[PDB]
K.L.:
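Supplied in structure tokens, the structure appears directly below.
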Amino acid sequence: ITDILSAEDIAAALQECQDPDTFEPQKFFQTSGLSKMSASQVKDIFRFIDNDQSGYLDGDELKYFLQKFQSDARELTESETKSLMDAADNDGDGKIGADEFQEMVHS
Ligand SMILES: [Ca+2]
Ligand SMILES: [Ca+2]
Ligand SMILES: [Ca+2]
């Protein structure tokens, strides 16, 4: 992830949602620089988060979202993982597909 995002933008993004329930998908994506990157770049990042390679984000992949940016970051709270899911899901399957992630990140 550090090959596409600046280390320092990532540190700032984590610093901003350091307390529980301060995580806000749009804020994170702006601070970190994600929302400014190309589809293909956003896709690479997706591939890094999708730990089991199912092609979708769901379950524990959401609880460990930040841990993909920095391995010692905190765990998202249940409310925060719910928020991510609400933010992204567009087809009622309770998981985040590559398409859904692209749209989310880009707004
Ligand atoms: Ca997965
Ligand atoms: Ca650290
Ligand atoms: Ca979905």
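In what follows, residues are counted from 1 in the order of the sequence shown. In each ligand, atom 1 is the first atom listed, and ligand 1 is the first ligand listed. Computed from heavy atoms alone, side chains included, the values below leave out hydrogens, waters and symmetry copies.
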K.L.:
Is it true that a side-chain atom of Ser6 and a backbone atom of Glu8 form a donor plus acceptor pair closer than 3.5 Å?
P.N.:
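Between the backbone of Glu8 and the side chain of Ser6 there is no qualifying donor-acceptor contact (under 3.5 Å).
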K.L.:
Hey, does the side chain of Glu103 reach the backbone of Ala88 with a donor-acceptor pair shorter than 3.5 angstrom?
P.N.:
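Absent.
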K.L.:
What is the OE1(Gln70)-the Ca ion (ligand 2)-OD1(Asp72) angle, to the nearest 10 degrees?
P.N.:
80°
K.L.:
Roughly how far apart are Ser32 OG and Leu5 CG, rounded to 0.5 Å?
P.N.:
5.0 Å
K.L.:
Tell me which N, O or S atom from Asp89 is the closest to the Ca ion (ligand 3).
P.N.:
OD1
K.L.:
Minimum heavy-atom separation for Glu75 and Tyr64, please, with both atom names.
P.N.:
OE2-CE2, 3.4 Å
K.L.:
Which protein N, O or S atoms does the Ca ion (ligand 1) have within a distance shorter than 3.0 Å?
P.N.:
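Listed by chain and number, the atoms are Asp50 OD1, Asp52 OD1, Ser54 OG, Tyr56 O, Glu61 OE1, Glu61 OE2.
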K.L.:
For the side chain of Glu100 and the backbone of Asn90, is there at least one donor-acceptor N/O pair under 3.5 Å apart?
P.N.:
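Checked: pair present.
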K.L.:
Treating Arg74 as the side-chain partner and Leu66 as the backbone partner, does any N or O pair qualify as donor plus acceptor under 3.5 Å?
P.N.:
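No.
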K.L.:
Run the salt bridge (charged side-chain N to carboxylate O under 4.0 Å, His left out) check on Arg47 and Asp50 step by step: do they pass?
P.N.:
CA-CA 5 Å; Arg47 301 201 207 97; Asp50 176 24; over 6 Å; no
K.L.:
Grab the two heavy atoms, one from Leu57 and one from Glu61, that are nearest each other, plus how far apart they are.
P.N.:
CA-OE1, 3.4 Å
K.L.:
If the cut-off is 3.0 Å, does any N/O/S atom of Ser71 fall short of it from the Ca ion (ligand 2)?
P.N.:
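Checking the Ca ion (ligand 2) against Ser71, no N, O or S atom falls under 3.0 Å.
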K.L.:
Taking the Ca ion (ligand 3) as the vertex, what is the angle from OD1 of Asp93 to OD1 of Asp91, given to 10 degrees?
P.N.:
80°
